[PDB]
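This document starts with one chain, in the form deposited without its partner chain, laid out as structure tokens.
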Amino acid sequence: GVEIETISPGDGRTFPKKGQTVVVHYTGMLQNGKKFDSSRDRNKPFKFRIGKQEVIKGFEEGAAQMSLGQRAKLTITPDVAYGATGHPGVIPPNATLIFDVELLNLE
């Protein structure tokens, strides 16, 4: 599943909803610390839509438990990421993924 370790609290009231556009900064790492993706390098927020299957399952599941202004470390098991196949490029089979995520806005 998804483990959430809070670095900075959100308001604890305002969470992502169906029909909303989620606006976040994120950085994705393997367990060994290596980066595979980021929004922070381009220095601009990344947007994705709840329920629209635009990101891996674990990432959305984690974000949906975050409130406005929260920054957290999401630990995501392979079965809700890329699983036994991994993905072309950095991500190997059975990769538990680490995401540094900040929930900036909901549009």
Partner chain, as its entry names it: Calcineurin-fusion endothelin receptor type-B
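Residue numbers count along the first chain shown, from 1.
Just so you know, the form deposited with its partner chain bound exists too; it's not on screen, but the next bit is about it.
Contact annotation for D79: none of its heavy atoms lies within 4.5 Å of its partner chain in the entry with it bound. For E61, no non-hydrogen atom is located within 4.5 Å of its partner chain in the entry with it bound, even though that partner is not displayed.
Although the partner is absent here, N94 sits far enough away that none of its heavy atoms falls within 4.5 Å of its partner chain in the entry with it bound. In the entry with it bound, none of the heavy atoms of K73 sits within 4.5 Å of a heavy atom of its partner chain. In sequence order, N32, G33, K34, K35, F36, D37, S38, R40, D41, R42, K44, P45, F46, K47 are the residues of 24-47 having a heavy atom within 4.5 Å of its partner chain in the entry with it bound; the partner itself is omitted from this view.
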